[PDB]
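Right, one structure below, let's go through it.
Nothing in this text is a laboratory measurement; each read-out follows from the coordinates by a stated rule. For neighbour counting, all protein chains shown are included, and Cβ atoms are generated from backbone atoms with ideal geometry for every residue, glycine included.
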Amino acid sequence: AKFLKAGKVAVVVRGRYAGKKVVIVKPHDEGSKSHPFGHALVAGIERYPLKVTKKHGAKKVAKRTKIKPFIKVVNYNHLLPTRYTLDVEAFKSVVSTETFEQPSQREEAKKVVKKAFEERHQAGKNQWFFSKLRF
Amino acid sequence: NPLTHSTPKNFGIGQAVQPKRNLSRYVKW
Amino acid sequence: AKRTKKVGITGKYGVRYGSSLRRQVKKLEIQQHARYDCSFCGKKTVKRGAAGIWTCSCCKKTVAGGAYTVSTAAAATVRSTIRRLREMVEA
Amino acid sequence: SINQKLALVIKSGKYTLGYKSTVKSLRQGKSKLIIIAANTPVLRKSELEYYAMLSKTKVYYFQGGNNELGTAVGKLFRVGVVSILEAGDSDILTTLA
Amino acid sequence: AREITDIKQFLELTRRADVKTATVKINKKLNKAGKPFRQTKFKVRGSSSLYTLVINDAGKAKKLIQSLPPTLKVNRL
Amino acid sequence: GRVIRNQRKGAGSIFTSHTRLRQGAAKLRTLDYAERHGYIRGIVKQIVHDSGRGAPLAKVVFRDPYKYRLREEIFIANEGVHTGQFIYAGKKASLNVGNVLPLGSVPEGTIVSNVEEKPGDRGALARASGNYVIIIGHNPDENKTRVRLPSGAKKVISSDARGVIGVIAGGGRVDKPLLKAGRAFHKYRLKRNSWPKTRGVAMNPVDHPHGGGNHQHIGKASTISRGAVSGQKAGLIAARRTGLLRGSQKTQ
Amino acid sequence: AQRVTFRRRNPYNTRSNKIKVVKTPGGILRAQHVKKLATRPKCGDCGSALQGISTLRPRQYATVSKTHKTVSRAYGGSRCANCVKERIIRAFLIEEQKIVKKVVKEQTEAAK
RNA sequence: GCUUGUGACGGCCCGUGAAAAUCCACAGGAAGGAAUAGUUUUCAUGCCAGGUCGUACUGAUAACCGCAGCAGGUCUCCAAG
RNA sequence: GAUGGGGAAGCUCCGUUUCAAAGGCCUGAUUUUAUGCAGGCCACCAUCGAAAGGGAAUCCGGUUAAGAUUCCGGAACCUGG
Ligand SMILES: [Mg+2]
Ligand SMILES: [Mg+2]
Ligand SMILES: [Mg+2]
Ligand SMILES: [Mg+2]
Ligand SMILES: [Mg+2]
Ligand SMILES: [Mg+2]
Ligand SMILES: [Mg+2]
Ligand SMILES: [Mg+2]
Ligand SMILES: [Mg+2]
Ligand SMILES: [Mg+2]
Ligand SMILES: [Mg+2]
């Protein structure tokens with residue numbers, strides 16, 4: 001079966017966010033005018049939240065758990081497709097082709113994506129997603 | 001229970017840095 | 001045209017040193033200066049780099065080898081002996 | 001024997017030679033069977049195994065390196081990974097490959 | 001050492017505390033082929049460096065000399 | 001008389017080893033809890049030339065068991081090893097070319113090099129280019145192992161002595177004739193001042209036992225007592241036989 | 001041909017006492033002392049001169065800003081782009097095979 | 001073209017052709033962290049200070065060694081038709 | 001080439017990391033006020049040895065009976081505050 005889908009996790013392999021975890025939100029497979037190649041929109045996380053422990057409480061637990069996210073357009077060549085899965089109903093209509101090519105329009109998405117990922121980390125869902133791949 | 005995990009370390013030759021044991025029998029007085 | 005009937009590479013020494021010591025040096029200078037085939041990348045790019053050291057131009061893997069050649073009859077027959085002794089234990 | 005099987009594929013059926021194009025054909029999902037030579041590096045051998053198990057493709061191991069997988073498919077060059085898109089005259093799906 | 005191209009920037013460095021001295025050089029150059037033209041150069045002395053300007057237009061050379069500070073020591077040539 | 005040349009070398013003014021460019025002493029790892037119980041893994045970072053030495057050296061890196069850091073060793077490179085390979089050291093290691101194993105754990109007919117005389121000494125026997133010992137039968141009682149050393153001598157050593165597997169790199173180095181003096185000159189330049197060499201029969205009597213004479217001749221027998229003294233020993237020392245050898249060669 | 005001297009007491013031609021001839025506004029030739037060339041910094045994995053980093057003599061790197069000494073990536077002015085790429089795969093595939101190990105290896109001891 | 005510097009290459013070895021001070025970067029996330037303001041002096045500008053000893057001339061058929069203003073001896077850079 | 005040690009009737013010889021209890025540093029916590037504890041590492045352990053090896057940073061134009069990359073005029077750059 002064809003694995004590059006809307007609900008699938010991946011690992012970025014090149015460029016600033018290299019060695020970080022993402023989700024392929026919209027696969028533009030067969031070329032384009034701008035970006036003339038097999039490309040894909042992504043929506044992962046830049047800063048991972050730290051190892052909270054049983055000594056910490058109330059205030060420091062909140063500071064240790066803050067997820068600065070990001071969004072990108074990425075070539076299929078610069079991704080590792082993985083067998084893990086993550087849902088994309090929380091930010092399907094927000095991130096789009098029309099969202100990019102506008103400086104002010106990128107923040108509104110990021111603030112909505114940050115809301116999705118911080119809701120997911122609090123109460124353990126997708127642990128592999130919110131843990132740093134170590135190299 | 002809520003956020004923190006249980007991921008053990010393996011102190012058994014060539015893996016994990018050995019812990020701070022009591023080394024009183026081997027001290028060069 | 002072919003330049004020398006017999007001497008070849010040992011012509012540099014001219015008339016000196018005796019014929020058999022030049023003939024012995026031709027033999028071993030044909031071996032060390034030559035290019036050899038790589039184990040990992042599969043190309044005739046392995047070249048000597050001091051006695052015992054053999055590297056690949058591309059792929060960059062170095063290997064420890066003979067003085068004037070990559071493999072030799074001492075290490076060739078030892079390769080089968082270490083292979084055969086382990087087959088008692090493993091197989 | 002694998003030598004009789006790959007001989008009939010080159011003239012009639014389709015194929016692709018090399019890593020960049022196997023993974024391009026394996027990401028799309030056109031590959032029926034990928035072949036992997038011996039001397040190919042392990043990190044790449046393990047990634048081709050991982051991309052093949054996601055796409056669901058068989059992984060035969062050619063006995064010998066890239067220099068004799070080229071003569072096996074008939075080309076005059078070293079080739080380190082062969083993906084077979086359309087199996088033509090031969091039958092590499094059901095057989096030992 | 002340092003040069004400035006913009007004329008709006010140069011007027012700010014004339015009132016930057018340490019800048020006391022300044023100077024206005026007149027030159028005599030030529031361009032294109034035939035007849036020559038009259039060039040001017042305005043230089044100010046900071047503590048670390050000398051900032052300077054190159055104005056080829058003779059029309060705007062008169063406007064810049066008129067708009068300097070009063071306490072600045074301006075030395076011709 | 002004077003003081004002979006060979007008496008002069010013991011004071012070591014100009015007869016010391018020239019050792020600027022050397023890489024380092026070529027020992028094994030220090031024997032610890034990790035090597036005499038399980039095993040421990042290291043990577044060969046690069047193999048490299050060493051001055052005044054026929055064989056190449058391997059800079060081999062391990063990780064320290066008792067504190068967070070790395071440890072760099074210098075092994076003598078065996079004929080087979082390549083950079084990036086994993087060297088597996090200790091007791092429970094497989095029978096592979098480059099791994100270091102205790103002489104008890106290998107079977108018979110096994111070919112090891114850079115082997116300890118007594119356990120924990122870190123290198124001793126078979127360290128030149130193209131050398132090795134053969135393990136030739138074991139002894140379960142008193143844990144002793146019987147071996148064959150490069151000279152043909154048959155020793156019995158401890159079974160807990162360690163020994164890296166395979167022959168040493170740089171084999172067949174003495175086949176190619178040097179041809180000229182310039183090549184001998186450069187060889188010794190990076191070892192010690194022992195070249196070139198003048199014959200004793202060409203000196204005056206103050207300088208040697210073989211001096212003087214109206215022809216060049218030794219004059220008395222060249223074979224000399226085990227228990228002569230400093231100044232008398234020059235020639236063949238404790239020679240049980242002499243002359244060009246006939247019959248079968250080598251040790252039985 | 002107007003000949004020229006050294007400008008410092010060291011009169012021998014070493015690596016640190018090099019000379020360049022230079023024409024001046026007085027209209028004479030004159031010697032100028034040249035400094036030693038900087039090498040490129042190397043990657044600590046392959047050994048390639050690594051791109052987007054300045055080439056200066058080592059104490060110069062104290063004066064310069066942070067942009068001139070790095071790139072924006074994991075292992076900035078330390079490993080090259082190809083080296084980081086590879087150890088991200090290798091870190092992932094071994095740790096993917098580590099989960100595939102413990103799924104199969106636990107079932108091995110369980111069903112025996 | 002001459003002198004010199006530099007760049008990518010190629011030959012040669014049983015010769016594979018110093019070290020240390022010093023300066024940087026990365027991995028790591030300790031600690032400190034924000035909205036009526038902190039963090040930045042690795043961005044720009046601005047203020048202050050930088051001791052001690054040597055520094056003249058010869059460098060050779062007259063300033064050095066050779067009993068001397070001795071046909072000897074004494075390391076090195078620049079180089080016109 | 002000192003030290004700790006060990007030789008030597010002694011002038012002294014050996015040895016330089018050695019069978020030795022071998023020495024320094026960062027924040028705070030403070031508001032008797034100067035550092036009382038919080039705890040972390042480091043075992044690196046004398047020192048001498050290059051006016052051609054390594055090494056932070058300067059140029060032009062003027063000037064004297066005899067000085068200058070050192071003075072004067074202009075324009076710079078480092079290092080520590
Ligand atoms: Mg002789
Ligand atoms: Mg002799
Ligand atoms: Mg004589
Ligand atoms: Mg006698
Ligand atoms: Mg005598
Ligand atoms: Mg005679
Ligand atoms: Mg110097
Ligand atoms: Mg002078
Ligand atoms: Mg003079
Ligand atoms: Mg000193
Ligand atoms: Mg003067």
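At-a-glance table
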item	result
Exceeding the 22 Å Cα-Cα cut-off - candidates C:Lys43/D:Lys24; C:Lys26/C:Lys61; F:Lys59/G:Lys42; A:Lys92/G:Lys85; F:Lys92/F:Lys118	C:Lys43/D:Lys24; C:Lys26/C:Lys61; A:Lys92/G:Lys85
The stretch A:120-135-the stretch E:1-67 distance, computed between alpha-carbon centres (Å)	62 Å
Hits among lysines - C-alpha to C-alpha of C:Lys27 under 18 Å, sequence gap 8 or more where chains match	C:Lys5, C:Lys6, C:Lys12, C:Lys47, F:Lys176, F:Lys180
Label-zone membership for the stretch A:1-45, site A:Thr97, 7 angstrom Cα→C-beta point, backbone N under 14 Å	A:26-41
Chain E, relative contact order [Cα under 8 Å, separation at least 6], %	37 percent
Anchor E:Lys41: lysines whose Cα lies under 22 Å away (excluding residues fewer than 8 positions away in-chain)	E:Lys8, E:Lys20, E:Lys25, E:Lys28, E:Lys29, E:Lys32, E:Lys60, E:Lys62, E:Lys63, E:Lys73
P(r) histogram, all alpha-carbon pairs of chain C included - 5 Å bins from 0, percent	3, 12, 16, 14, 15, 15, 12, 7, 3, 2, 2, 1
The stretch A:45-119: GluC sites (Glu not before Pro) in DSSP loop, at most 13 other beta carbons within 10 Å	A:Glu46, A:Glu89, A:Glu98, A:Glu101
Two-decimal Rg to Rh for the protein assembly as shown - Kirkwood Rh, Cα set	1.07
Acute angle (nearest 10 degrees) that the helix A:105-121 long axis makes with the longest principal axis of chain A, alpha-carbon atoms	50 degrees
Efficiency of FRET between E:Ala1 and B:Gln15 - r from beta-carbon atoms, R0 41 angstrom, step 0.05	0.10
Coil-residue trypsin sites (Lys or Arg not before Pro) of the stretch E:27-77, DSSP, other Cβ within 10 Å capped at 10	E:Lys32
Hull shadow area, averaged, chain D [alpha-carbon convex hull, nm²]	5.4 nm²
Under-15-angstrom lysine pairs by C-alpha in the stretch D:30-78, whenever the two are 8 or more apart or on separate chains	5
Dipole of chain A, positive direction: furthest Cα of A:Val95, A:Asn75, A:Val12, with charges on the beta-carbon	A:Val12
Antiparallel content of DSSP bridges confined to chain E, in %, to 5	70 percent
Label point distance in nm, A:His35-C:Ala1, each placed 7 Å from Cα along Cα→Cβ	6.9 nm
For the stretch F:81-143 versus the stretch G:1-43, the gap between their alpha-carbon centres in whole angstrom	59 Å
Near-label residues of the stretch E:50-68 by backbone N, under 16 Å of a point 7 Å along Cα→Cβ of E:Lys29	E:52-62
Degrees, to the nearest 10: G:81-110 long Cα axis against longest axis of chain G	20 degrees
